[PDB]
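A.B. asks: Sharing coords-v5.cif (mmCIF, C-alpha atoms and all ligand atoms) below.
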data_work
loop_
_atom_site.label_atom_id
_atom_site.label_comp_id
_atom_site.auth_asym_id
_atom_site.auth_seq_id
_atom_site.Cartn_x
_atom_site.Cartn_y
_atom_site.Cartn_z
CA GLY A 1 151.85 -134.05 -6.09
CA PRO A 2 149.18 -131.65 -4.70
CA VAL A 3 149.15 -130.95 -0.95
CA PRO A 4 146.23 -132.75 0.80
CA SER A 5 143.38 -130.90 2.55
CA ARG A 6 140.69 -131.66 5.14
CA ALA A 7 137.51 -129.70 5.90
CA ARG A 8 137.91 -127.31 8.85
CA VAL A 9 134.51 -128.44 10.21
CA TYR A 10 132.24 -131.45 10.06
CA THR A 11 135.42 -133.22 9.02
CA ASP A 12 134.75 -136.78 10.24
CA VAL A 13 130.99 -136.72 10.57
CA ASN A 14 130.30 -139.50 8.03
CA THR A 15 133.05 -141.70 9.49
CA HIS A 16 131.20 -141.79 12.83
CA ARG A 17 127.93 -142.82 11.18
CA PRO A 18 126.67 -146.31 10.30
CA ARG A 19 128.05 -147.44 6.93
CA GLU A 20 124.51 -147.40 5.41
CA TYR A 21 124.33 -143.63 6.02
CA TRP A 22 126.90 -142.80 3.33
CA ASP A 23 127.45 -146.10 1.46
CA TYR A 24 124.58 -145.29 -0.89
CA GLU A 25 125.31 -147.98 -3.47
CA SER A 26 123.86 -150.35 -0.79
CA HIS A 27 120.60 -148.43 -0.60
CA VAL A 28 117.62 -150.52 -1.67
CA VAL A 29 114.89 -148.37 -3.26
CA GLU A 30 111.25 -148.91 -2.28
CA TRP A 31 109.16 -147.71 -5.24
CA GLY A 32 105.90 -145.84 -4.68
CA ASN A 33 102.86 -146.14 -6.95
CA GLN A 34 103.43 -144.16 -10.17
CA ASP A 35 99.68 -143.78 -10.75
CA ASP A 36 99.36 -141.62 -7.61
CA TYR A 37 100.77 -138.79 -9.76
CA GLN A 38 99.26 -137.32 -12.91
CA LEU A 39 101.42 -134.89 -14.86
CA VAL A 40 99.90 -131.42 -15.35
CA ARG A 41 102.52 -129.43 -17.25
CA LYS A 42 106.23 -129.36 -18.04
CA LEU A 43 108.29 -126.92 -15.94
CA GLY A 44 111.79 -127.42 -17.38
CA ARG A 45 114.39 -129.80 -18.76
CA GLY A 46 118.05 -130.56 -18.13
CA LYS A 47 120.86 -132.70 -19.55
CA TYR A 48 119.75 -135.55 -17.24
CA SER A 49 116.08 -134.94 -16.30
CA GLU A 50 112.69 -133.49 -17.25
CA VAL A 51 110.73 -131.63 -14.59
CA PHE A 52 106.94 -131.63 -14.38
CA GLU A 53 104.21 -130.29 -12.18
CA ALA A 54 101.92 -133.15 -11.20
CA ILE A 55 98.98 -133.70 -8.89
CA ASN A 56 98.92 -136.48 -6.29
CA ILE A 57 95.45 -137.91 -7.00
CA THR A 58 95.10 -139.45 -3.51
CA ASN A 59 95.08 -136.15 -1.60
CA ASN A 60 94.92 -133.54 -4.42
CA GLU A 61 98.33 -132.10 -3.42
CA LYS A 62 100.43 -130.30 -6.03
CA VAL A 63 103.81 -131.97 -6.50
CA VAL A 64 106.98 -131.69 -8.64
CA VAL A 65 108.14 -134.75 -10.60
CA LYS A 66 111.75 -135.10 -11.81
CA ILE A 67 111.81 -137.85 -14.41
CA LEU A 68 115.44 -138.93 -14.65
CA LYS A 69 117.06 -139.55 -18.00
CA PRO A 70 119.49 -142.52 -18.11
CA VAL A 71 122.22 -141.90 -15.55
CA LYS A 72 124.42 -144.29 -13.55
CA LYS A 73 122.16 -146.06 -11.03
CA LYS A 74 124.91 -145.15 -8.52
CA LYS A 75 124.03 -141.46 -8.90
CA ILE A 76 120.28 -142.11 -8.57
CA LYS A 77 120.86 -144.01 -5.35
CA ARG A 78 123.14 -141.16 -4.28
CA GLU A 79 120.56 -138.35 -4.77
CA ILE A 80 117.84 -140.45 -3.06
CA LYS A 81 119.98 -141.30 -0.02
CA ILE A 82 121.07 -137.71 0.35
CA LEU A 83 117.45 -136.50 0.21
CA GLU A 84 116.34 -139.22 2.65
CA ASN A 85 119.21 -138.31 4.98
CA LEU A 86 118.40 -134.57 4.81
CA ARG A 87 114.58 -134.94 5.12
CA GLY A 88 113.12 -132.54 7.68
CA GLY A 89 116.24 -130.36 7.70
CA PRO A 90 115.89 -126.55 7.52
CA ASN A 91 114.96 -125.18 4.08
CA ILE A 92 115.76 -128.51 2.42
CA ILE A 93 113.37 -129.74 -0.25
CA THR A 94 111.40 -132.80 0.81
CA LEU A 95 111.52 -135.90 -1.35
CA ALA A 96 107.91 -137.08 -1.14
CA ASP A 97 108.15 -140.32 -3.12
CA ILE A 98 109.99 -142.30 -5.82
CA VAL A 99 108.20 -143.99 -8.73
CA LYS A 100 109.13 -145.93 -11.91
CA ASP A 101 107.89 -143.80 -14.85
CA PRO A 102 105.87 -145.94 -17.29
CA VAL A 103 106.68 -143.91 -20.45
CA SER A 104 110.45 -144.41 -19.86
CA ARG A 105 110.82 -147.27 -17.30
CA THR A 106 112.99 -144.55 -15.70
CA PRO A 107 113.04 -143.43 -12.08
CA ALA A 108 111.07 -140.30 -11.23
CA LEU A 109 111.66 -138.41 -7.99
CA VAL A 110 108.55 -136.73 -6.56
CA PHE A 111 109.15 -133.53 -4.57
CA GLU A 112 107.21 -131.07 -2.43
CA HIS A 113 105.87 -128.14 -4.48
CA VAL A 114 107.10 -124.61 -3.76
CA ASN A 115 105.07 -121.74 -5.21
CA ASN A 116 108.24 -120.12 -6.51
CA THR A 117 108.51 -116.51 -7.70
CA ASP A 118 110.60 -116.20 -10.89
CA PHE A 119 114.20 -115.26 -10.16
CA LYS A 120 114.17 -112.53 -12.86
CA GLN A 121 111.22 -110.66 -11.30
CA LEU A 122 112.30 -111.37 -7.71
CA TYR A 123 116.01 -110.36 -7.81
CA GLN A 124 114.77 -106.93 -9.01
CA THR A 125 112.35 -106.15 -6.15
CA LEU A 126 114.60 -107.57 -3.41
CA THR A 127 115.23 -105.02 -0.68
CA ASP A 128 118.45 -105.05 1.34
CA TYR A 129 116.56 -106.83 4.14
CA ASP A 130 115.14 -109.48 1.79
CA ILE A 131 118.64 -110.39 0.58
CA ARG A 132 119.86 -110.69 4.17
CA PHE A 133 116.78 -112.73 5.11
CA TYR A 134 117.04 -115.17 2.22
CA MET A 135 120.81 -115.44 2.53
CA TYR A 136 120.28 -116.37 6.18
CA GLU A 137 117.71 -118.98 5.11
CA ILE A 138 120.12 -120.45 2.52
CA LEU A 139 122.84 -120.68 5.19
CA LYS A 140 120.54 -122.65 7.49
CA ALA A 141 120.27 -125.22 4.69
CA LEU A 142 124.00 -125.23 3.90
CA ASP A 143 125.04 -125.51 7.55
CA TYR A 144 122.52 -128.30 8.10
CA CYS A 145 123.55 -130.33 5.03
CA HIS A 146 127.24 -129.75 5.80
CA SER A 147 126.72 -130.80 9.42
CA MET A 148 125.14 -133.95 7.97
CA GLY A 149 128.31 -134.66 5.97
CA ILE A 150 126.99 -133.67 2.53
CA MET A 151 127.99 -130.92 0.06
CA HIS A 152 125.36 -129.61 -2.48
CA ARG A 153 128.01 -128.69 -5.11
CA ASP A 154 125.48 -126.80 -7.29
CA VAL A 155 124.43 -123.78 -5.24
CA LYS A 156 123.06 -121.06 -7.55
CA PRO A 157 119.89 -118.91 -7.98
CA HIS A 158 117.93 -121.47 -10.02
CA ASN A 159 118.41 -124.13 -7.31
CA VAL A 160 116.84 -121.87 -4.66
CA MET A 161 113.04 -121.86 -4.67
CA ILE A 162 111.51 -118.86 -2.91
CA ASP A 163 107.86 -118.33 -2.12
CA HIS A 164 108.14 -114.58 -1.47
CA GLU A 165 104.52 -114.40 -0.29
CA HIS A 166 105.28 -116.82 2.58
CA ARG A 167 108.95 -115.79 3.02
CA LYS A 168 109.77 -119.48 2.57
CA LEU A 169 112.87 -120.89 0.88
CA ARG A 170 113.89 -124.38 -0.25
CA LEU A 171 117.32 -125.45 -1.54
CA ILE A 172 116.59 -127.89 -4.37
CA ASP A 173 118.36 -130.11 -6.92
CA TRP A 174 120.60 -132.46 -4.93
CA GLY A 175 121.66 -134.46 -8.00
CA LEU A 176 125.33 -133.31 -7.80
CA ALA A 177 125.44 -133.47 -3.98
CA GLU A 178 128.02 -135.82 -2.44
CA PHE A 179 129.23 -137.14 0.93
CA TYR A 180 132.32 -135.48 2.39
CA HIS A 181 135.05 -137.95 3.30
CA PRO A 182 138.45 -136.65 4.53
CA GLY A 183 141.06 -137.39 1.90
CA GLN A 184 138.66 -138.09 -0.98
CA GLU A 185 139.44 -136.61 -4.41
CA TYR A 186 136.19 -135.48 -6.02
CA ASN A 187 135.20 -134.67 -9.58
CA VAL A 188 135.73 -131.00 -10.38
CA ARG A 189 133.19 -131.11 -13.25
CA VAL A 190 130.35 -130.06 -10.93
CA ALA A 191 128.45 -126.82 -10.19
CA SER A 192 127.54 -124.29 -12.87
CA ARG A 193 130.26 -122.22 -14.48
CA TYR A 194 129.63 -118.81 -12.90
CA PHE A 195 129.47 -120.45 -9.46
CA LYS A 196 132.50 -122.76 -9.70
CA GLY A 197 135.02 -122.24 -6.92
CA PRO A 198 138.69 -121.72 -7.97
CA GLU A 199 139.47 -125.20 -6.69
CA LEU A 200 137.32 -126.63 -9.50
CA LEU A 201 138.81 -124.36 -12.14
CA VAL A 202 142.44 -125.22 -11.24
CA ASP A 203 141.59 -128.92 -10.73
CA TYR A 204 142.17 -129.21 -6.97
CA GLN A 205 140.13 -132.32 -6.22
CA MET A 206 140.42 -132.56 -2.44
CA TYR A 207 137.70 -129.98 -1.88
CA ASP A 208 134.91 -129.87 0.68
CA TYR A 209 131.82 -128.08 2.01
CA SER A 210 133.64 -124.76 1.56
CA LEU A 211 132.92 -125.11 -2.17
CA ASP A 212 129.28 -124.26 -1.47
CA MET A 213 130.31 -121.05 0.31
CA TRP A 214 132.19 -119.78 -2.73
CA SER A 215 129.01 -120.31 -4.78
CA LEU A 216 126.99 -118.49 -2.12
CA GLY A 217 129.50 -115.64 -2.41
CA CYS A 218 128.91 -115.42 -6.18
CA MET A 219 125.14 -115.26 -5.59
CA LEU A 220 125.52 -112.55 -2.95
CA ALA A 221 127.79 -110.48 -5.16
CA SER A 222 125.25 -110.50 -8.00
CA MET A 223 122.32 -109.66 -5.69
CA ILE A 224 123.96 -106.67 -3.97
CA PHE A 225 125.75 -105.37 -7.10
CA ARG A 226 122.76 -106.15 -9.41
CA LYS A 227 124.95 -108.04 -11.88
CA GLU A 228 123.66 -111.53 -12.81
CA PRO A 229 125.99 -113.40 -13.03
CA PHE A 230 128.80 -111.53 -11.27
CA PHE A 231 131.77 -113.53 -12.62
CA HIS A 232 130.55 -114.10 -16.18
CA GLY A 233 133.22 -116.24 -17.84
CA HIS A 234 133.02 -117.74 -21.34
CA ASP A 235 134.47 -121.07 -20.18
CA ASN A 236 136.28 -122.58 -17.20
CA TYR A 237 139.53 -120.80 -18.09
CA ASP A 238 138.08 -117.34 -18.70
CA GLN A 239 135.98 -117.92 -15.57
CA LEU A 240 139.15 -117.92 -13.46
CA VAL A 241 140.39 -114.85 -15.35
CA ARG A 242 137.18 -112.97 -14.46
CA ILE A 243 137.76 -113.87 -10.80
CA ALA A 244 141.43 -112.95 -11.09
CA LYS A 245 140.55 -109.48 -12.42
CA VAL A 246 138.65 -108.84 -9.15
CA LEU A 247 140.36 -110.90 -6.42
CA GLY A 248 143.81 -110.23 -7.95
CA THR A 249 146.43 -112.69 -9.23
CA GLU A 250 148.64 -112.29 -6.14
CA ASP A 251 146.37 -114.44 -3.94
CA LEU A 252 145.65 -116.84 -6.80
CA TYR A 253 149.35 -117.64 -7.20
CA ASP A 254 149.88 -117.90 -3.42
CA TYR A 255 146.93 -120.33 -3.47
CA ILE A 256 148.36 -122.57 -6.20
CA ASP A 257 151.72 -122.43 -4.37
CA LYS A 258 150.34 -123.40 -0.94
CA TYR A 259 148.63 -126.54 -2.31
CA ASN A 260 151.33 -127.24 -4.90
CA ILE A 261 148.73 -127.26 -7.68
CA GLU A 262 149.84 -128.13 -11.20
CA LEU A 263 148.33 -125.34 -13.25
CA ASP A 264 147.18 -126.06 -16.79
CA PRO A 265 149.77 -124.37 -19.12
CA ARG A 266 146.83 -122.72 -20.91
CA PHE A 267 146.27 -120.49 -17.85
CA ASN A 268 149.86 -119.21 -17.84
CA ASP A 269 149.23 -116.86 -20.80
CA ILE A 270 145.72 -115.60 -19.96
CA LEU A 271 145.79 -114.92 -16.19
CA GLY A 272 148.37 -112.13 -16.43
CA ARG A 273 148.90 -109.80 -13.44
CA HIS A 274 145.97 -108.13 -11.64
CA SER A 275 145.55 -106.10 -8.45
CA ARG A 276 142.85 -107.13 -6.00
CA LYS A 277 140.03 -104.64 -6.52
CA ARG A 278 138.07 -102.77 -3.85
CA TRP A 279 134.36 -103.59 -3.84
CA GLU A 280 133.53 -99.86 -4.09
CA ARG A 281 134.31 -100.05 -7.82
CA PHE A 282 131.21 -102.25 -8.30
CA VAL A 283 128.98 -99.73 -6.51
CA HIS A 284 126.74 -97.39 -8.51
CA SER A 285 123.67 -95.26 -7.71
CA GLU A 286 121.45 -98.09 -9.02
CA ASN A 287 122.70 -100.73 -6.53
CA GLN A 288 124.07 -98.70 -3.58
CA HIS A 289 120.91 -99.18 -1.45
CA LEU A 290 121.87 -102.88 -1.30
CA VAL A 291 125.57 -102.36 -0.52
CA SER A 292 126.80 -101.67 3.01
CA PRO A 293 130.11 -102.04 4.93
CA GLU A 294 128.59 -105.17 6.50
CA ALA A 295 127.66 -106.69 3.14
CA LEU A 296 131.14 -106.10 1.75
CA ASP A 297 132.86 -107.52 4.83
CA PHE A 298 130.68 -110.63 4.60
CA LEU A 299 131.15 -111.03 0.83
CA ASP A 300 134.93 -110.60 1.09
CA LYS A 301 135.08 -113.52 3.53
CA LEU A 302 133.11 -115.86 1.26
CA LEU A 303 135.07 -115.10 -1.92
CA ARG A 304 138.56 -116.42 -1.15
CA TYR A 305 140.71 -118.62 -3.41
CA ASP A 306 141.88 -120.69 -0.45
CA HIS A 307 138.87 -122.85 0.47
CA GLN A 308 140.21 -123.37 4.01
CA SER A 309 139.98 -119.62 4.67
CA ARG A 310 136.35 -119.00 3.57
CA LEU A 311 133.62 -118.64 6.18
CA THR A 312 131.83 -121.77 7.28
CA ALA A 313 128.04 -121.55 7.06
CA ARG A 314 127.80 -121.24 10.83
CA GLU A 315 130.40 -118.46 10.92
CA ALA A 316 128.56 -116.70 8.09
CA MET A 317 125.34 -116.97 10.09
CA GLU A 318 127.06 -115.09 12.95
CA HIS A 319 128.21 -112.16 10.79
CA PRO A 320 126.85 -108.62 11.56
CA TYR A 321 125.13 -108.52 8.15
CA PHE A 322 122.45 -110.80 9.66
CA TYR A 323 122.04 -109.10 13.06
CA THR A 324 118.66 -107.51 12.27
CA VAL A 325 117.46 -110.79 10.71
CA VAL A 326 118.47 -112.78 13.80
CA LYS A 327 116.79 -110.30 16.19
CA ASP A 328 113.58 -110.36 14.08
CA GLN A 329 113.57 -114.19 14.00
CA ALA A 330 113.54 -114.24 17.83
CA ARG A 331 110.37 -112.08 18.04
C1 LIG B 1 113.07 -131.41 -9.12
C2 LIG B 1 113.63 -130.56 -10.26
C3 LIG B 1 115.01 -130.01 -9.98
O1 LIG B 1 115.76 -130.54 -9.17
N1 LIG B 1 115.35 -128.91 -10.70
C4 LIG B 1 114.56 -128.07 -11.53
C5 LIG B 1 113.40 -127.56 -10.97
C6 LIG B 1 112.56 -126.74 -11.70
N2 LIG B 1 111.33 -126.25 -11.22
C7 LIG B 1 110.79 -126.27 -9.97
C8 LIG B 1 109.67 -125.43 -9.75
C9 LIG B 1 109.03 -125.44 -8.54
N3 LIG B 1 107.98 -124.69 -8.24
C10 LIG B 1 107.50 -123.70 -9.21
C11 LIG B 1 106.46 -124.11 -10.17
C12 LIG B 1 106.12 -123.18 -9.06
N4 LIG B 1 109.54 -126.30 -7.61
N5 LIG B 1 108.99 -126.54 -6.37
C13 LIG B 1 109.75 -127.49 -5.87
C14 LIG B 1 110.78 -127.89 -6.73
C15 LIG B 1 111.80 -128.88 -6.52
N6 LIG B 1 112.65 -129.62 -6.34
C16 LIG B 1 110.63 -127.11 -7.87
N7 LIG B 1 111.27 -127.10 -9.05
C17 LIG B 1 112.93 -126.44 -13.00
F1 LIG B 1 112.13 -125.63 -13.71
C18 LIG B 1 114.08 -126.91 -13.59
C19 LIG B 1 114.91 -127.75 -12.85
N8 LIG B 1 116.03 -128.31 -13.47
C20 LIG B 1 116.93 -127.47 -14.29
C21 LIG B 1 118.40 -127.75 -14.03
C22 LIG B 1 118.69 -129.25 -14.10
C23 LIG B 1 117.77 -130.01 -13.15
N9 LIG B 1 118.03 -131.51 -13.01
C24 LIG B 1 119.39 -132.12 -13.12
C25 LIG B 1 116.31 -129.75 -13.48
#
As structure tokens, please, write out the structure in this file.
C.D. replies:
Amino acid sequence: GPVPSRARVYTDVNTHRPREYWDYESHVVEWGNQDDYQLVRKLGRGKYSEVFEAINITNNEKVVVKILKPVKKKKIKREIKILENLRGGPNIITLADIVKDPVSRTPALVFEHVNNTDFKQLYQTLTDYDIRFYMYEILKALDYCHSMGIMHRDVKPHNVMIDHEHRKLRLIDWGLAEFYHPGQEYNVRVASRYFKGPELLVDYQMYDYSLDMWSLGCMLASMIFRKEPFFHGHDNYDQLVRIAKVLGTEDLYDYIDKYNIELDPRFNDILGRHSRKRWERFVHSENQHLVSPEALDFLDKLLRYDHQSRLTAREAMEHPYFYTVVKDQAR
């Protein structure tokens, strides 16, 4: 079979907790009053939810309501517990309340409102410093949630809300997040395609927090190279090909070998043979002001096939790329 794997850090954190911390199916839900919230306007939809701006009529606070479509109650309980567990943590969205929508008898999660700048307009004006700053802020959230035994599993631009005016960032959408347990085999059908770690694409199920760091790598790549998304595959197979054409097939094959991964026979024809490319080839006059030796060192150490060898969020936070950010935060 496949070779087992444990997280390098925060390995046993959930084991040393009370059962109720991670055994979310046990979580009883205390419903708030649905009439405290009046829907203003629709903000977006998804396969499994519809998102609205609403006003909390009690205190006139703006709020964001995620009316869930029919999903497994298990997964509702799971998102709620994770949000409750993470409440107050750095750059983590606050779950303000939970109500039973009248026009669907469905659960609706009520969230803090972030006055978010649109990721099209923002990822164009971002200076080198801004990218470093906001990457540092994201890492605070990833390290915190990972230290609390949870993996987001859907890190990507659209799940990061940024109020540029107030230099304030919230990692949102915890609906795919899960508790890390050593030895557990997780679903690979998570995350969005351009952000899927190799482990997902080759069906290595015994993955961990390091998954989030791959996704962060993908984000960083696109920000510094001004290519959204950076690995732009047509499907899960081609996605791994896109990666392979950059990271090379040599390390991919070493990776499948190390963990004795059974590789879908599909892949055997389309992966081919590819050198690992030097990041300089993605550098052009238009983007160079964002690319630096530091940025490339940091990126290289996020984007690794072998999940065990990627930076941990805390290691990432210690990288030279953030030195000016860290000094400025202490002043
Ligand atoms: C809570 C909503 C969720 O988890 N995801 C989601 C959020 C938004 N919009 C915003 C927009 C703002 N502020 C801007 C108006 C000024 N804020 N502030 C806070 C929060 C939160 N949380 C949020 N969310 C969206 F437009 C689509 C989705 N999606 C799209 C992908 C699928 C997903 N559910 C599975 C729903």
A.B. asks: How would you write, as a VMD selection string, the set of residues no farther than 9 Å from ligand LIG 1 (chain B) when counting all atoms listed in the file?
C.D. replies: chain A and resid 42 to 53 63 to 68 93 to 95 109 to 118 158 to 163 170 to 176
A.B. asks: For a test of reading the model, state the distance in Å between atom CA of residue A:320 and atom CA of residue A:297, rounded to one decimal.
C.D. replies: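 According to the coordinates, atom CA of residue A:320 and atom CA of residue A:297 are separated by 9.1 Å.
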A.B. asks: Work out how far atom CA of residue A:37 is from atom CA of residue A:82, in Å to one decimal.
C.D. replies: 22.7 Å
A.B. asks: Neighbourhood query: residues within 8 Å of (135.9, -134.9, 3.2), file coordinates, counting all atoms listed in the file; return as a ChimeraX atom specification.
C.D. replies: /A:6-7,11-12,179-184,206-208
A.B. asks: In Å, rounded to a single decimal, give me how far atom CA of residue A:168 is from atom CA of residue A:97.
C.D. replies: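 Distance reported for this atom pair: 21.7 Å.
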A.B. asks: Determine the nearest neighbour of residue A:311 from the options A:143, A:84, A:294, A:130, counting only C-alpha atoms.
C.D. replies: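 Nearest candidate to residue A:311 out of A:143, A:84, A:294, A:130: A:143.
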A.B. asks: Here is a test: counting only C-alpha atoms, which residue of A:60, A:104, A:85, A:308 is nearest to residue A:255?
C.D. replies: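 Ranked by minimum distance to residue A:255, first place goes to A:308.
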A.B. asks: Give me, as a count of residues only, all polymer residues having an atom no more than 9 Å from residue A:38, counting all atoms listed in the file and skipping those fewer than 3 positions away in the same chain.
C.D. replies: 7
